[PDB]
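A.B. asks: my sequence and its experimental structure, below.
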Amino acid sequence: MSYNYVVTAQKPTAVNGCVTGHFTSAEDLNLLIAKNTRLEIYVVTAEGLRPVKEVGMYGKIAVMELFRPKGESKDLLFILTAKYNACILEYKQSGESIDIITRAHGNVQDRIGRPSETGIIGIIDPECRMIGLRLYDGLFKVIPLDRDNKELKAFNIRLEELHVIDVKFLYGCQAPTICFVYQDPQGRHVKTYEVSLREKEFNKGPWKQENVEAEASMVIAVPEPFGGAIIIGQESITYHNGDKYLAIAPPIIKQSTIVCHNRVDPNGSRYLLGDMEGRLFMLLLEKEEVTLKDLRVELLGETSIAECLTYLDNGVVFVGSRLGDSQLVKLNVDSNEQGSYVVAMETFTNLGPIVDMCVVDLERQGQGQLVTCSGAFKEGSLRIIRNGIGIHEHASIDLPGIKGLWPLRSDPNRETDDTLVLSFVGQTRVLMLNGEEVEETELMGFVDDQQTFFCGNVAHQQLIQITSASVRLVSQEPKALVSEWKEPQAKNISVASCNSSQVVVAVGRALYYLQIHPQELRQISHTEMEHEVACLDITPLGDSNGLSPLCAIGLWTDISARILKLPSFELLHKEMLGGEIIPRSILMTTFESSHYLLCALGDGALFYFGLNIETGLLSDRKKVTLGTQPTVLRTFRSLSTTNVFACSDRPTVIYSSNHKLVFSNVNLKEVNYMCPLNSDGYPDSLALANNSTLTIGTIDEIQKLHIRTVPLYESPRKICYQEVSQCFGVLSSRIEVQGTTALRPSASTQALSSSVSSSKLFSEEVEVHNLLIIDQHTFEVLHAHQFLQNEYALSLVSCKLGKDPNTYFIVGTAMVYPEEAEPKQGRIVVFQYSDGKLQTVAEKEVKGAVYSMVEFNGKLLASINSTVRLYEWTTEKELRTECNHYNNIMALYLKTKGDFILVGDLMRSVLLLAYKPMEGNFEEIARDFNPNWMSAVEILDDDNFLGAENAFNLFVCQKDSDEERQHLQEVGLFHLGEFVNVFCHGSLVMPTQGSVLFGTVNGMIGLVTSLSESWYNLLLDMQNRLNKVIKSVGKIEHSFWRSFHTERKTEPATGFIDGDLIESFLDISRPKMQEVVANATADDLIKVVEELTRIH
Amino acid sequence: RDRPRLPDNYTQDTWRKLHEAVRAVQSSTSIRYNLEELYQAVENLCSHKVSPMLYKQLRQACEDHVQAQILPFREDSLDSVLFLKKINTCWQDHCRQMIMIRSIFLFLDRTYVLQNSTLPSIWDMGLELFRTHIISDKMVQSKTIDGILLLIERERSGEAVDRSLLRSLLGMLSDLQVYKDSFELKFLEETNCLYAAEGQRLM
């Protein structure tokens, strides 16, 4: 038996369904958003959305609709799960406590039935007399509501039409009357039936069947004033009320199909219509005195590709997208001078369809960092995910363009710095920051007329302020300046540096040493360098006498973070760096062990060193790239030790854990400057400035995933990391219409350089495919190689083959022509990225689609249509076949560990292949003979094979222990509820064995890891206890939810622990824990579950 | 608390400083800042909405410097000994001043150009300017190709000419797409005919 622990690293982000109504209260306007298993309840405030409750369903929310039965105060919620768990939910808030009580529930899955093509429809009678569910072909399930059930007893009415596209309940009808579009051989027609709950059968509808457009796919029930329905097809919008037949063919809706709609008004005079391109239309019903006069369609603008859209109020429209980020837009009354009325207010991150992903230890830390091909046609993008630190934004004040922050103890007695200084362009503005209050009040001795490069508290009970003109040492208690020094030529200081005792300030190409004496400023040392100063640091660290011994310098035109002996300004060391960019900050600090130096260039590169106190010679040069903006480094002292902060586009805390330098991310957008502050009202806090305002807060141990977004504007398909070249190779796909024309500027069309495939092998709208080389620091498209006409790039591996040392981008393609169902032609192209160009090093015409390539022990293992063959890289640099394997329907997925090859098939599901090198051929070791349609596969151990079937299930196969030894044994079964597109070894963090991430279509990132037998037994026990204690929203059983489910099989879960349910063991009060832990003590299990949460 | 400042002088001294710093670093005119004060000036007196017209400012100034480079290179001499040296030296001059203005306008990169991909880089704008006005669209193009065919062909018969000159010229070629668009062809075809004559001769 296998022992696996599944947990959610990132909850699903794709909005599969959204409704609005009065759910939390009769006066609240709620936005209920269904992300695959999460129901998110918001309150529609005058601005944005205020989250109120987020619950986890034990089901994929297939249907989600609000209805108000007679007498009810506020809307009840009907949810149907993909496994057909129906429930009616009511929201009951008792002060602080919030509950979602199940007013009714059931399971409406018919034992048998052909699940309808178009998918689970759930409608509710506008008068709440029944819930109509179309789940299967030829049947229409009715759940009465007037018969107030608690079990949702439902009955089928046999529907004489077997291919129903869409169906709605009509308005203003004495009987529940459905209107549906169905497809028969004679075309598509719209028909109506009246539902008799007493006779439990249909009756003749109000207006007979009508022959409608060929591609009619949408029915819109129109409220009572008009009644009738509006059927949207590809080329027409037609309105039916029984005798009235309005019909329009707005040319603007011909370009794309309309897939979602929403009624803006209560009276249906306006509808939103979202298309698969992301356009947003407004469908207007002009009334005449009431009947309907005419239909109009107007293009409001563009949004994200909407799966569902809901109109909230005051022009605010929530565009819920499965393919891109969900949106909160505004509809302006007037156009934007670009023809668009849509204006995005807010964007909700959606790791869209994660079609591929890789774990790269970027920034050369010990931390993994996901890079995912997220999104689709217009919403495609690369998302970079990492675990990141967060703080609270307590004290904000919006002063544009800060260029300075320093902590000052204006109260001389206290060692707390109760005053904050800021320089902006040419002056200094101070802040009292008294208490939590913040206002600008002036402390004597500092000038409001000059920029300030530095100020702070210094020894002898003195303050110091270094300006663009000259230095000012104020005596704190008595009065203003009694010591001033200025440059003899009165040249503005170009670079400064200072500590509590001494001062070091650069004047162009020469440097000046001053030291503080009480009510005096004494100059001692001077030097004339080759070129201008770039940055300094003189900080005394482990001082123990009163003065730092050493200094560091960066110079122009001789780029080098050099070292100086302080009393003499002499060269202790001179270490070059390279590049034409001046270093902009340099610092030395201690991390638990000794003095380090941290010098960075303007593009986020950063070198850490081991600095000696005697020689101060720079060695142990190693580099890390952090951000793209020039950087600055200021320390804050924590409880424990010095914790250096880096301020740029990606603010990063810098620190050492267990004598190992860590480069943590901070989850804030941008920080210009930082300074520690420990006020009476603020302990150990930070003071973080951006271009707009001064943000203030502390440091939080808890880590929140940080998601970067790189808009590609075209569907990414694959991604691999070539470390030697510092780039990502991404297979992208863009849709061109006409020869052809790009509908929008994609990332491929906007690369630095470009190329097109000129191959001698092969001689509406089309898909063009490119290979994008993307910089792994700036995530800019270094290069975009377009592939042949009608060539689909499917697979992409980065590797080095044979014995040559070059690392190659290897793309396996197929030639796609509409005249055929499976490509007959394709090729394996070998690229090399070097000198900013992508040369074609080799080619190989294969006779099928290359669905997958894995580098396999120095050799290329490709899977052409049904054959798995192994290629070798010859000294001539061409691919030469070594062995083939044919016993496959479609080798879609390939994995590797040693000599073993795991093949995920289109529908034979897994095959354990071995390359016996002694012979030079494959051997079918084991096979799983169950018909599972794979979506992805992975190798967990030498003998455990994770799989994902397209029915949202995970199974683990195991080579058993005669010819029954060629049978893989499915020892693990688990219903994930998500469609896995990719597995990958790795972890997002610095008890469990191994760690496999997976990315899904909904945007979930999960984590599978191996447990030991003892811990698995314990956790299974607690799983049962929590099931006995924790109560699910729709009263769904966890075991039923996690039971392996297929249309021709259903088994209980086994060998898999829902890490979500276990980790829920922390969010329950102590008495409930004791209920869990009846038969070791609780604190033991709290420790266990904490340690379990440590993995993600 | 804290009455606001005035940004008026900040904006208007700026443009003149931009074009004199351009005027400084181009032609190697000397600077009274040691460039770090100028970098800080770029950093401070460039902000939101400042940078794009600032880019216009600087790129027209450097653009007219590039087009001032034109005139000694529209010529009737046919040295490939010396004219290509002049091209190479102009290339080096261009290189050092474009790297050095980036040593000033790296704030521009790490704010809008490295941090938004909407523009040719300073690299890219500089290369397009140099190419368009000195290398491409000229008799120089044909003359430099002919001359380097001479140099290599002379160096294909015995003698070494200047490994540095051939290396630097080929660098200019390949980076300006002038060794990968259509000027590989003159190289290869002269190789074809010459080496054919060589092979069937000493055969």
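C.D. replies: On my side now, so go ahead. Residues are numbered from 1 along each chain as shown, chains lettered A, B, ... in the order given.
A.B. asks: ok, longest helix in the chain?
C.D. replies: Going with chain A. Secondary structure of chain A per DSSP state H: the longest helix is helix A:1013-1029.
A.B. asks: my question was about chain B, not that one.
C.D. replies: Chain B, longest helix under DSSP H: helix B:83-104.
A.B. asks: residue A:314 contacts residue A:48, correct?
C.D. replies: No: counting by C-beta atoms under 8 Å, residue A:314 stays clear of residue A:48, with 11.7 Å between them. The way it works is simple: take the backbone N, C-alpha and C, and place the C-beta from them, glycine included.
A.B. asks: so those two - more neighbours on which side?
C.D. replies: Legend: neighbour count by other C-beta atoms under 10 Å in any protein chain shown for residue A:314 and residue A:48, higher for residue A:48 (13 against 10).
A.B. asks: okay, now residue A:33: neighbour count?
C.D. replies: A total of 27 residues lie near residue A:33 under the criterion other C-beta under 10 Å.
A.B. asks: over to residue A:313?
C.D. replies: Using other C-beta under 10 Å: residue A:313 sits among 11 other residues.
A.B. asks: same check, this time on residue A:474
C.D. replies: Look at residue A:474: counted by other C-beta under 10 Å, it has 21 neighbours.
A.B. asks: that one belongs to a helix?
C.D. replies: No: counting by DSSP: H, G, I helix; E, B strand; the rest coil, residue A:474 is not found in a helix; it is strand.
A.B. asks: got the contact list for the residue nearest to it when sequence neighbours are not counted?
C.D. replies: Excluding the flanking residues, the one nearest residue A:474 by C-beta to C-beta, 6 or more residues apart in numbering or on different chains is residue A:445, at 3.3 Å. Contact analysis of residue A:445 by C-beta atoms under 8 Å, 6 or more residues apart in numbering or on different chains lists A:463, A:465, A:472, A:474-475, A:479-481.
A.B. asks: quick one: which helix or strand includes residue A:445?
C.D. replies: Per DSSP states H and E, residue A:445 falls between elements, in no helix or strand.
A.B. asks: how about the one 5 residues further on?
C.D. replies: Secondary-structure assignment from DSSP H and E places residue A:450 in no helical or strand segment.
A.B. asks: do you know how far the closest residue to it other than its chain neighbours is from residue A:455?
C.D. replies: Excluding the flanking residues, the one nearest residue A:450 by C-beta to C-beta, 6+ apart is residue A:467, at 4.0 Å. Distance of residue A:467 to residue A:455, computed by C-beta to C-beta, to the nearest Å: 9 Å.
A.B. asks: check residue A:419 too.
C.D. replies: Residue A:419 is 10 Å from residue A:455, by C-beta to C-beta.
A.B. asks: who has more neighbours out of these two?
C.D. replies: Using other C-beta under 10 Å as the criterion, residue A:419 and residue A:455 rank with residue A:455 on top: 27 against 23.
A.B. asks: let me see the contact set for that one.
C.D. replies: So residue A:455 contacts A:406, A:408, A:421, A:428, A:446, A:463-466 (C-beta under 8 Å, 6+ apart).
A.B. asks: around chain A, pick out the residues from chain B.
C.D. replies: Within chain B, the positions adjacent to chain A are B:1-3, B:5, B:7, B:9-10, B:33-37, B:39-40, B:44-45, B:47-48, B:99-100, B:102-103, B:106-107, B:109-111, B:114-115, B:117, B:124, B:174, B:180 by C-beta under 8 Å from any C-beta of the partner chain.
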